[PDB]
Structure formats: structure tokens, C-alpha cells
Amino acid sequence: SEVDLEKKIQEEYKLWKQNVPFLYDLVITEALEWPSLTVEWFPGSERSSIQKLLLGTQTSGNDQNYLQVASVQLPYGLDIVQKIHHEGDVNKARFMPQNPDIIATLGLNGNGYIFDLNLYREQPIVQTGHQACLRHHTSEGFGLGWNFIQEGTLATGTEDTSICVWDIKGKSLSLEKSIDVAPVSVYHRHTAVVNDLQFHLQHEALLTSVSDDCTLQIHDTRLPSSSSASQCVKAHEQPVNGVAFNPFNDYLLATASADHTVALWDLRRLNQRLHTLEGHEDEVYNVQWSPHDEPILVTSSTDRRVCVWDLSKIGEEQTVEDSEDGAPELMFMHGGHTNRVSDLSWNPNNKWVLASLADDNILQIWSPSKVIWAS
């Protein structure tokens, strides 16, 4: 029960601190005023470097929401250095890979938003707010993604079950006015909320999506909504919460699901799943590939755990004592969070550094000891 539950929750929490100096080379912990459902490291660092994180607020109507830029002290604190005004909770927020100055958000009531940070470099607080509002959705969502080959093109996915594809390239933004933007495409191919979508890293038109309708689908954004999804397979028997393309292997991808597991997939054989990562004991909401090492990925869940997985170690055998503890591929389990985990982000500047968000206002920037990952 809940009361019984909490006591258990901490008591092992501070057992976790006790254990930290052996397990982590780094652990930064911040309590935020409001929660954040979204985190993403900015590329680049200044000089012991200092780096930047994209963040948001979840006021729930109670106060004004903020898209936030925070800076961290990395080899130890971190502070919020910019707050831009935001319509509704920042459901998720991602920078343009071509230009991290450009930010896309999914805001209140399904609205897309575009922020230009170059417009307000010096200001601590930007009240002006967004530079553009992406029109179409009618419920709120979390599926947001940017196109790596086509500058200025992005996809959104929502509880309204649609997927919209937008093109903001060439559209002037200014502190004068917020332009309205209409989708270039609108795809109805799901029967429930589109939970996550993502553009393929090395292909202009390939867009993958997953949903509560248990499907993994593959869309060719060149074809009009008149067409169907290029591929649609059942991926799990329960809702699929997340999808990630491997940044080194063009055909390898992963799905996180409410079945407590992560499935891995070869793109050209979506009819028979390659492998299943068990080991979470509640819904697996999120899944992310290391940008540094192809066999490495990370999963977070409602079981308040974050798991780091090494796929080299599959088809590998070991003592029963370890079988008690998990698969040979489970490398690291972060226990730093005392509530379900909202979002994660691999640090692209520093190998083996991760940011993670919990629903009880905690931000953590941590790194598993070098013992455990280098061999």
C-alpha cells in the first residue's frame, strides 16, 4: 500500500546513496520548483566544462509555464539561466539538429510551438513567448520529432491519434508577432494516442511511430495521407510507449512498452522481433540509444529504475548467481529516482553521462563508474 510503499521507497533510496561512491563517478541532484516532463542536452561545451540542458515546467494550470535553459557544472552544481514563457505544460521540447537555437515544443491543447533563442540571447526571462504556433492538433501529446536530413521539417503526434508533418523552413520569425503554421501533412493511421515518433537518421522521408494501439508503424512522408503506412505491425500486446532508431545501425530499432519489456527490431523483418529486454517490473516508458556506442542503450520505467543495456553481452552465459540478477546484457541500474521516470537524455559531449527526470520534481545528472563500462 502507499504508506507501506513510501517507507520502502526511501529506505532503499538512502541505501542507494550509501552505495553511490562505488557505483557512480558522478551524481548531481536538483529539486526543481515544478516538475519537468522533458530534458535534452544541448551540443557543445564551454570551459571542467559547463554544458546546457533544455527543460520545461508542469504547472498544471496553477501558474505560468516555462521553456527553460539550464547550465550544468561538469567534470558540481547547475542553475537555470533562461526562462521563456510557454502556453501550457511543456509536454516535450526538442531543438533543431541543424540549429539548436530553434526549439519545438508540444504545448497546451495539442499546439505546436516554435521558439527562436537567437532572438533573446541576453534576457533571463522572456515573457514574449513563442515565435510560431503549429495549428492542427486538438488534444495534448508527447510525440515530437525533427528531421535530420531535411532542415526545418518536423513531426508531431498526439492523444488525438493523428500525426502532423510541418515545414518551418524559410519562415521568418520575429519578436513582433507569432505566426500561425499549418501542417504540410496529416496522417490518421492510429486508433489511439501516438506516443512517440521519430525521423530516421539517414533518410529524408522515413518516419516511425508507436501508439497505445500496440502498433509499430513506418511512414513515407513523400506519399500523401491518401496512402497507408508503409509498414504496420503489432509490436507488443500492450501499449507501445517509445521508439528509438539506432544511430549506427540503419535497420536496428527499439520499442518500449507497457508490457514491462523493450523489443528490438530489424527494419526489414518487422514480423519477427529480434530480441526482448526484460528486467523492468513496470511500464517501460522511454528508450534511448547511446550516441557513442552502438550496443549501448537506456530504458526508464514506472518502476523508478533506469537501466543501461549492453547488447554485446547477449548470447553470453554466466553463473546462476548472476542469472538471479538479470540478463547478461543488463549493465547498470540507476536507483537514484524515488518516483516514476519522465524523460532521459544521453550527454553527447561526455561519454557515459546521463540526465534523468522523475515525477516528484527531481532532476539527476549521473554517470556510472568507469569500472562497470570500460573493458
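Residue positions are given as counts along the sequence shown, with the first one as 1.
In terms of unmodelled positions of the deposited sequence, the chain runs continuously from residue 124 to residue 125 in this entry. In this entry, 317-325 has the higher mean Cα B-factor, the comparison being between 317-325 and 342-350. Comparing the deposited coordinates for 221-229 and 158-166, the stretch with the larger average C-alpha B-factor is 221-229. In the PDB entry, the Cα temperature factor peaks, among 255, 111, 209, 271, at 271. Out of 189, 130, 234, 203, the entry records its largest CA B-factor for 203. For residue 308, the recorded CA B-factor ranks within the middle third of the chain. Only modelled residues enter the ranking. Residue 106 sits in the lowest third of its chain by CA B factor, as recorded in the PDB entry. Residue 172 sits in the highest third of its chain by CA B factor, as recorded in the PDB entry. In this PDB entry, residue 60 carries a Cα temperature factor that places it within the highest third of its chain's modelled residues.
The entry lists a Cα temperature factor for residue 179 that places it in the middle third of the chain's modelled residues.
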